[PDB]
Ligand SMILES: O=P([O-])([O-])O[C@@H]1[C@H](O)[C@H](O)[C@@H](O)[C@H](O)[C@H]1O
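Only one chain comes next, encoded as structure tokens, the form deposited without the ligand.
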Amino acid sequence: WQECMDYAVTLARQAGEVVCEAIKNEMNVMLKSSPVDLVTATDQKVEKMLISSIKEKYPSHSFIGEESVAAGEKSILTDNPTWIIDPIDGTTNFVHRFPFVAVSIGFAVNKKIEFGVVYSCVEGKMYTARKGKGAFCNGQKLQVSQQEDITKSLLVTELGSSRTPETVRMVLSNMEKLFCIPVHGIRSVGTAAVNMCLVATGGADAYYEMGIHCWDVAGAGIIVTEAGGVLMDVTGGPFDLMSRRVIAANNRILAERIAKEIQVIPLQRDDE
């Protein structure tokens, strides 16, 4: 597993080298689900490299990958060591040069996350986390905040790529509910992987979002939990990777409270 993980960190840095080299140049910006669901040649290029490169040394292992699934692969997850890959997390950021794009990699066996590597290449920040062996940014150990007063909280969330009116409605409302507790504020840097690493550093108290996929939070989640945080469903349930819903917080107290206040948005899971 340190073999598998030590390889990932090295792969992450390469992918990263590619993405932040790409970010300087002419972009080939295509569509996916909609006029707002974006992708570039770089997304695909990187995902392919990451997969061939892993598959080569571990042909036993399976892969869930954002764009692979999007060319008709399937996000059914098993007990085979799966590699869960978002090649560029923050594709709209990437397309805009808004300076937070992350390469996210997450290793699962028996349907549990062993280790995650999130590399934020513009920042020059590599976050890692092995189960039981802590979480780090660039060699430096991380710890979540100590806050339990919801009303002294800083939250991060995203508005989501969806523009379906009944969903945007629900989204902004949930935000308003939380904002009017009041909390100290809400941030959105543009990428789930990073919004969550920021929670790991204790820069922010809690991240939550409905609409995310398993590849967005496979990597960043074990970093948060290993930074001493917690993950949950927006129901107050334990976190489900395929639920498409996540609360990632410094503690159970804060997580429990955000859970109470927001409404559960209808989205179909990654396992359906």
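In case it trips you up, residue 1 is the first one in the sequence shown, and so on.
One more form of this protein, deposited with the ligand bound, exists but is not displayed; see below.
Novice: Please work out, step by step, whether the site is open or blocked: first superpose the C-alphas near the site so the ligand is positioned as in the entry with it bound, then count ligand atoms within 2.4 Å of this form's backbone or C-beta atoms (3 or more = blocked).
Specialist: Open.
Novice: Which single stretch, out of 146 to 154, 169 to 177, 71 to 79, 85 to 93, brings residue heavy atoms within 4.5 Å of the ligand in the entry with it bound?
Specialist: Comparing against the ligand in the entry with it bound, the contact stretch is 85 to 93.
Novice: Tell me, out of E47, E209, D205, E226, which residue has a non-hydrogen atom within 4.5 angstroms of the ligand in the entry with it bound.
Specialist: None of the other options qualify; the answer is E209.
Novice: The ligand is absent from this chain, but in the entry with it bound, do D6, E114 and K131 each have a non-hydrogen atom within 4.5 Å of it?
Specialist: No, the whole trio is out of contact, none within 4.5 Å by any heavy atom.
Novice: When the contact criterion is heavy atoms within 4.5 Å, does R245 count as touching the ligand in the entry with it bound?
Specialist: Taking the distances in the entry with it bound, the answer for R245 is no, it never comes within 4.5 Å of the ligand.
Novice: Just checking whether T191 would be counted as a contact of the ligand in the entry with it bound - the rule being heavy atoms within 4.5 angstroms.
Specialist: It does: once the ligand is placed as it appears in the entry with it bound, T191 has a heavy atom within 4.5 Å of it.
Novice: Even though the chain is shown alone, can you say which residues of 144 to 164 have a heavy atom within 4.5 Å of the ligand in the entry with it bound?
Specialist: In sequence order, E158, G160 come within 4.5 Å of the partner.
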